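Given next, in structure tokens, is a single chain: the form deposited in one PDB entry.
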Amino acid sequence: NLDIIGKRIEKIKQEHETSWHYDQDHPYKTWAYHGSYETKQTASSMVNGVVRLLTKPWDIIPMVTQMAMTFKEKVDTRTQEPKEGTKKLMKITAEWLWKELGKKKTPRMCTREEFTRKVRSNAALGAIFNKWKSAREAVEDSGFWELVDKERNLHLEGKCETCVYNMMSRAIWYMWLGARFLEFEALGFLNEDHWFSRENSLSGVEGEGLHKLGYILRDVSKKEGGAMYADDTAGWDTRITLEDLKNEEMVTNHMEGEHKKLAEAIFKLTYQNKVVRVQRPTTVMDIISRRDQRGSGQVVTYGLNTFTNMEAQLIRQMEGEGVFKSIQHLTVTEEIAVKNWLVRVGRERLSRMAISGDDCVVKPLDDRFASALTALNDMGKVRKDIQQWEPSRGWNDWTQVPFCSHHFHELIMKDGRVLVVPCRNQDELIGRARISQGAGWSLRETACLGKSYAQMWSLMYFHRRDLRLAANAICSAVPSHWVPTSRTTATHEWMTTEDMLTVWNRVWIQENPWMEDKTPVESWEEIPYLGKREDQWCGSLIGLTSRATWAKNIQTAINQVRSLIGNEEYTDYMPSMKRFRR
């Protein structure tokens, strides 16, 4: 307790001595409270005018238009201690999983140089603004690195002064760039060296890309066994227990030297003990603490979420297969049974899953899995939108399974070759491309963000009639040599000035390990669409008067945007489509 967090709290007391008061009207039940102090400030969603002017029919569709307008009583909840049998299952499974993930990888520190390069190429590291303006400036100043040095030596000494979270079904915990560096140095290897790639982790999909996820689900579907289960957890980050954080920390058992001590300090001082500052309109700043829940950088959060989800789903599979009888207590001979199951079939059982952080798909050995709920509920991983003891409903068809906000279609090219393509309701795709975040967007920056969405649509969603047409219109409306841009950055093959047909051939044909025939496609007309009725099912406006007038008159829309941007060099991409080809 206060011997680990006191110094951080002490240091905050003194910067705001003209305001410190142990307020009595504090709304916290499950967070430990320490004091308040004075502040006064808050970034809404802004519309992308280039995308909106080229998607006119969607101006009257409320599912699109409402997306641009506008639970912290789940952060202030508590999870119960799991039983002794559950704690043993989790410790055995976690020990085994770190060894498997570690067989072909070597833990190592990430460098000032790798961090400095990350900040100089826009990664959403979740930092705060203020002794330097941006991240870019702090990194190019030896004063910053001396602050980092001070904290680093405090961490080696087993102590923390400045590693404090700032809070803001979401809750993002920003830290100062220095605390983020020390997290990246100790634990960045999990992401930088691809510990959760499918090759290394068997269940993971880190680095795979949206063009591979449907092929991966089809490969899981080919296994003998029961239905495909895709249960969502209610508020995963709030259900991470102190027992979960202690099993995650066992990665440090595979480290040595400085790295070992630096990583044990991140886990002990910042993950298993946290200090947070939160805005309350009653506008003041509260300083609260707690031992559990997930509060890390979003990239470390992703890898540890994937680890703990892999662990939880293997235990759920053991429960369905009858490996242990009760969570109350694991007997001596059940321990050996569990260890033996892991050694004998653990790798096969991992290959039956696709896991992306808190998101999973599992094809278990049979449907006993559906009603195997005691360990899952006792670990605190309570399913969303189902009663606690109601058996899971599974999917009989891999093309209907939800994963990473998508479903997947099997699409047959006129030449017989098979594409497995990503899809989601088209209102969600158009509504997201019409939105930007942040201030000071030039017209050029806005256009280049529109081009990023358009090239993503050409590569991932070419099979949706409306998106292939809107993508061609946006690419025709933005100067041809202008480079697609994003403020926040799966693999991003659409972020390029290369010809999109060349990129499509590389991704879907040349580098696609599920495509045996490597014959290149010569034109967009060779690339198929969903059936017309399936396109409509997934939100297409084909067959509406609004959509027909938009498609017929698209050159007028393209010319409106060109007139706003001005006299630049443009390409007409519309004749790549049969209907505009004369």
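One rule holds for the numbers: they count along the sequence shown, beginning at 1. Here the rigid core means the biggest group of C-alpha atoms that line up within 1.5 Å when the two forms are laid on top of each other.
Below: the form deposited in another entry, not depicted.
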Core-superposed comparison between this form and the one not shown: the option from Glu511, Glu348, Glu81, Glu256 whose CA moves 2 angstroms or more: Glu511
Rigid core superposition, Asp397 Cα moves 2 angstroms or more between this form and the one not shown: no
Residue shift check between this form and the one not shown, rigid core fit, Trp145 Cα at least 2 Å: no
Is_shifted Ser296 between this form and the one not shown (CA, 2 Å cut-off, rigid core): yes
Cα separation of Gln298 and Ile266 in the other form versus here, shift of 3 Å or more: closer
CA-CA separation of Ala124 and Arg277, closer or farther in the other form than in the form shown [shift of 3 angstroms or more]: closer
